[PDB]
Ligand SMILES: Cc1cc2nc3c(=O)[nH]c(=O)nc-3n(C[C@H](O)[C@H](O)[C@H](O)COP(=O)(O)O)c2cc1C
Ligand code: SF4
Ligand code: SF4
Ligand code: SF4
Ligand code: FES
Ligand code: FES
Ligand SMILES: [Mg+2]
Ligand SMILES: [Mg+2]
Ligand SMILES: [Mg+2]
Ligand SMILES: [Mg+2]
Ligand SMILES: [Mg+2]
Ligand SMILES: [Mg+2]
Ligand SMILES: [Mg+2]
Ligand SMILES: [Mg+2]
């Protein structure tokens, strides 16, 4: 069972009056609910749909369209490396290999215990600076396959 | 700027409200499109819209709307503050103004710089960006982002 | 308005897109995402045509037909090599991910994707890689779900959400992994979700009711028939195969239900395939039953009827114009009793009077989508006649179209029209005893008893004209709402008023009549629609009889010693105790019916009548449009011993055997002539369809596709010598393919839509003059009456305020789409869908007793002591109780009556 907390419901209701249409707060409501819990559970869809005033179908379409609104159980510290043209050139492949050799998983999976999900991301908009990756909200650039272990040991 | 009078109801004497908001969205590249950004801001799936009607006549919520990039909008303060002619004359190219240009890739000094919009691509690669680094040979290049 | 297509020069409406115009001209352009009812979106990219300029531009540019305005100086070319190659490659891209299952797809020879793949000339696979796959959902007991076959054309979502306002279906995912279904498994809530089976071009959404007993489209045998589950005349085309109704498909009618049906009419047809239907006239010789012949049955019935002191007849409001008449002739005009209660009839003839003698134009079902304001005063339009609810939903979106046309936006660009609207709608003020399904779009809903709704209507009609009767005592908080309704109706240029008979109140109907008269006196071209209970309810009101109460009074008195009940069950129009006590003391009870009702267990003779599927006649809908339905198949075929003649055929032959002593099985046209000769009010049913001997170039119209299969083997198990095809002397159709069904044929009764290259429902583009317009050569219907010069007076009778009585509970009618119809509820498919019986209660009155949310409750209305669960209804007014009308055990006649004692279940 799912029910919206008081803090996140209040934040959604405060976001709903930044726009002319309540619907417009849908992405921000999903991001609030995800911030609190790490992902958007199946009941959060209907809860947000009841708070805003739009159906659960629209909220579920918004949540499954965008790639940073997780609809499946994701660990903590959702690692997102970049694999686009500028990074492909700078060698993000070695960075992905040293990441999935240390986490012992494949891109798209949790590790064992609910920490260090591994995902690829479109581009982090920091191309001139080596292969990049974000862990949760910290952008890490100039990545070297030697410094992946020590950089992962900072997140517990 | 809100606390200092530069934003809010009565901005520096003249009657002009302009409340300013920020919308940090989820990660989809298609929301960068001019008329898919409008859909995403409306809280819907970021699907582009057919033109005409242009966003200028019917845009955000059926109201008029002009979508502008960041650098375009950063260009305007200097135009107004220094003058239209000064901006007209920065350099003798038919694309007036300055531009943020840079070289990415395995160059000796990647980054971006502000250039007079008539600079040869070789003048950015070897003078500013340094050139290919230590044993690498140039093969090709894309002018602009991926998609050119 | 003068385009050039491939050198040829045509004349088109310059106000619609190039796809619409080119399809109206007869040209062939492939298209998946365009629908003539859902506007144009450029999603699929499959209707590409090269566009030039200057008439000498040799290098045009590819552009989508459905999105270009088709203005005057337009030069295009459908056949350009580049356009051909792009259109072909566009289907190749769709075929990259398609599932190799045409043989097992529910719709082969009916699929639009097959049509367009053969049309674009693509019959070679260059793709080599894997296909994307998808898991299905459980959408209900009606329609299936196979997302492997989706081409992402967006028609389902556009229809279901932007058109029908569904709210429980959308699109999910992105980037070639897109998905169209419900957010979670569960049944689809929308009443009009059946139309997804033909809106979707592929076999993603296909109905289960036909998927169980399946047959390819060619094997089907169609005929133009009318939906019989509702007061509207939605034109259907039922298909038969191996002697049983397989499915009910939509039959275009540009004046009534252009492209869409209900679910009650599309899926509630399963009551004709029941294995307990009467198939031979049987006689009850004391306790035993003996099957009779046709001539034997007629001779016996006439011998018993000729010795009777008086014979009365009880026709029903679900027969046909002839069946009732035919009966009327059998018993005398005097002895014919309309099989509806007195109060059920008074407010039916009042609605008929408002439609005929009230000088206000009653719109057709498609003209409802053109009115500014709507006031649904007393009707649950969504549950009784639901296509009117969809029409209202289309009418409330009119303000977005006005805002778009004021900005020079074309009327086919639906995305821009919706974007400009931004949830701005025309005013709509629903009114009912509790919540409705039109509350999401209504501006204000009034939840009150059927007396307070009439008081509101009278208050509106007084605030509009100031000569109508005043209500004298409304309280100022409601006045501020009556004021908004008035300000919104008097300002609208085309208001509509939709009352009905289902509300169970005469005051509601006359209040709506007062509102409409005040508006007409103000100047606006106001329309008025009245929803009746059952198909052909209007025809029974036009013809008229005494009542059911008078018939039962004659029966339980020794005055009438015989009765012929025609297509009536008599238990949902009166008390099942009085009906049985009357029919018990009758030395003759004939029951001409096509179902196995309860009154035919003590019936001395049960003539096996025919259903709508295998019967001919005409039924008049709510606007007085006399439409004719045709026989789909011959019941006798596959079963030689099956005399299932039509009701009017039984009654005419019985009347003949009564006087003549010799049987006379007449023809449909003779019965129609008799009606139009004896009842002048129905003189318009003769023009509803051409009689027999109507031929198209000598040929008569065909009931089966040209390539109908299995002709010399489908009846081989019974006997290898195939019989002669059944003879249709009634109508202009033949029970074979040796007939004519061409788009350009000069007739307006189309059994099914097929054109060479267009197998699917999209073959209806070839049958209409301009796609989305009326059927070429008109639409099959004749309104019986036209608006009068002078209207009725104001009804100077305001009902007093509803004050609840202690110890009595006024029954508030709750109508359900599934289960509130006498015949649809019998379909074994609606048993899964219909709700469980209940009795709604106000919380203030549920807590007044000990009953809580689910506790059974016993109540007495008559002899019967029913016991139903309890649901809490917050919107229902205090001194009322809700009851599911029509649902078995609760007769719709229980609307406005008050049950005298209600208590806990007393377990
Ligand atoms: C697929 C696609 C992605 C785009 N992404 C961006 C973007 O990320 N940032 C941006 O400023 N413009 C982007 N654009 C261009 C915009 O549509 C728009 O022209 C621009 O943001 C504002 O117009 P301006 O360049 O005149 O200021 C994109 C266009 C397309 C077709
Ligand atoms: S949807 Fe049409 S094309 Fe696709 S498998 Fe079914 S019949 Fe064949
Ligand atoms: S499910 Fe059917 S109607 Fe919906 S997008 Fe797919 S093919 Fe089109
Ligand atoms: S609206 Fe009435 S007539 Fe039309 S399909 Fe539905 S039930 Fe049948
Ligand atoms: S491509 Fe990786 S930072 Fe841009
Ligand atoms: S029908 Fe025109 S783009 Fe699909
Ligand atoms: Mg603009
Ligand atoms: Mg048009
Ligand atoms: Mg499955
Ligand atoms: Mg399943
Ligand atoms: Mg889903
Ligand atoms: Mg389909
Ligand atoms: Mg007759
Ligand atoms: Mg017949």
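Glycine gets a Cβ as well: all are built from the backbone with ideal geometry, and neighbour counts include every protein chain shown. The numbers here are math on the coordinates, done by the rules we state, and not lab data.
Residues in the range C:480-511 that are within 22 Å of residue C:800 (Cβ to Cβ), touching a helix residue (DSSP H, G or I) at 6+ places or on another chain (Cβ under 8 Å) and part of a helix (DSSP H, G or I): C:482, C:485, C:506, C:507, C:508, C:509, C:510, C:511.
The residues listed here are A:29, A:56, A:11; of these, the one that is surrounded by 17 or more Cβ atoms within 10 Å (Cβ to Cβ) and within 12 Å of chain B (Cβ to nearest Cβ) is A:29.
Within the range A:34-44, can you find the residues that are within 14 Å of chain B (Cβ to nearest Cβ) and either out of contact with any helix residue (DSSP H, G or I) (no Cβ under 7 Å at 6 or more places or on another chain) or part of a helix (DSSP H, G or I) (or both)? The answer is A:34, A:35, A:39.
Evaluate the range B:68-77: report whether one residue or more is closer than 30 Å to residue A:56 by Cα and either within 14 Å of chain A (Cβ to nearest Cβ) or surrounded by fewer than 16 Cβ atoms within 10 Å (Cβ to Cβ) (or both). Show your work before the answer.
Just the residues of the range B:68-77 that are closer than 30 Å to residue A:56 by Cα, to begin with: none.
There is no residue in the range B:68-77 that is closer than 30 Å to residue A:56 by Cα and either within 14 Å of chain A (Cβ to nearest Cβ) or surrounded by fewer than 16 Cβ atoms within 10 Å (Cβ to Cβ) (or both).
Given the condition within 16 Å of ligand 4 (Cβ to nearest atom), more than 14 Å from chain A (Cβ to nearest Cβ) and in a loop (DSSP other than H, G, I, E, B), answer yes or no: does some residue in the range C:99-120 qualify? No: the range C:99-120 contains no residue that is within 16 Å of ligand 4 (Cβ to nearest atom), more than 14 Å from chain A (Cβ to nearest Cβ) and in a loop (DSSP other than H, G, I, E, B).
Can residue C:533 be described as outside any strand (DSSP E or B), away from ligand 8 (no atom under 16 Å from the Cβ), more than 14 Å from chain B (Cβ to nearest Cβ) and touching a residue at least 40 places away in the same chain (Cβ under 8 Å)? Spell out how you get there, then give the answer.
On the way: outside any strand (DSSP E or B): yes; away from ligand 8 (no atom under 16 Å from the Cβ): yes; more than 14 Å from chain B (Cβ to nearest Cβ): yes; touching a residue at least 40 places away in the same chain (Cβ under 8 Å): yes.
It is true that residue C:533 is outside any strand (DSSP E or B), away from ligand 8 (no atom under 16 Å from the Cβ), more than 14 Å from chain B (Cβ to nearest Cβ) and touching a residue at least 40 places away in the same chain (Cβ under 8 Å).
State whether the residues of the range B:119-134 include one that is in a helix (DSSP H, G or I) and touching a residue at least 24 places away in the same chain (Cβ under 8 Å). For the range B:119-134, residues in a helix (DSSP H, G or I) and touching a residue at least 24 places away in the same chain (Cβ under 8 Å): present.
Keeping to the range C:479-501, report how many residues are over 31 Å from the mean Cα position of the chain (by Cα) and closer than 15 Å to residue C:375 by Cβ. Write out each step before concluding.
If we filter the range C:479-501 for residues that are over 31 Å from the mean Cα position of the chain (by Cα), which is where we start, we get C:479-484, C:486-487, C:490-491.
Among the residues that remain, those that are also closer than 15 Å to residue C:375 by Cβ are: C:481-484, C:486-487, C:490-491.
Total satisfying the criteria: 8.
Does residue A:91 qualify as being without any contact (Cβ under 8 Å) to a residue 40 or more places away in the chain, on the phi > 0 side of the Ramachandran plot, surrounded by fewer than 22 Cβ atoms within 10 Å (Cβ to Cβ) and within 13 Å of another protein chain (Cβ to nearest Cβ)? No; evaluated as a whole, the condition is false for this residue. All of C:347, C:318 fail the test of being part of a loop (DSSP other than H, G, I, E, B), away from chain B (no Cβ under 14 Å) and away from ligand 10 (no atom under 16 Å from the Cβ), apart from C:318.
Within the range A:103-121, at least one residue is within 10 Å of chain B (Cβ to nearest Cβ) and in contact (Cβ under 8 Å) with a residue 24 or more places away in the chain. Considering only residues in the range C:155-177 that are assigned to a loop (DSSP other than H, G, I, E, B) and crowded, with 21+ Cβ neighbours inside 10 Å, the one that is farthest from ligand 10 (Cβ to nearest atom) turns out to be C:164. Does at least one position in the range C:597-608 carry a residue that is in a helix (DSSP H, G or I) and closer than 20 Å to residue C:338 by Cα? For the range C:597-608, residues in a helix (DSSP H, G or I) and closer than 20 Å to residue C:338 by Cα: present.
Taking the conditions (1) closer than 26 Å to residue C:173 by Cα; (2) surrounded by 16 or more Cβ atoms within 10 Å (Cβ to Cβ); (3) more than 16 Å from ligand 12 (Cβ to nearest atom) in turn, residue C:132 satisfies each one other than (2). Number of residues in the range C:191-208 that are closer than 24 Å to residue C:383 by Cα and within 16 Å of ligand 12 (Cβ to nearest atom) equals 12. Look at the range C:189-207: where a residue is within 14 Å of another protein chain (Cβ to nearest Cβ), no partner that is within 16 Å of ligand 13 (Cβ to nearest atom) sits 6+ places away or on another chain with Cβ atoms under 8 Å. In summary, residue C:185 fulfils each of the numbered conditions (1) within 16 Å of ligand 11 (Cβ to nearest atom); (2) within 14 Å of another protein chain (Cβ to nearest Cβ); (3) assigned to a helix (DSSP H, G or I) with the single exception of condition (3).
Scanning the range C:32-46 for residues that are away from chain B (no Cβ under 12 Å), within 16 Å of ligand 8 (Cβ to nearest atom) and touching a residue at least 40 places away in the same chain (Cβ under 8 Å) yields C:35, C:36, C:37, C:38.
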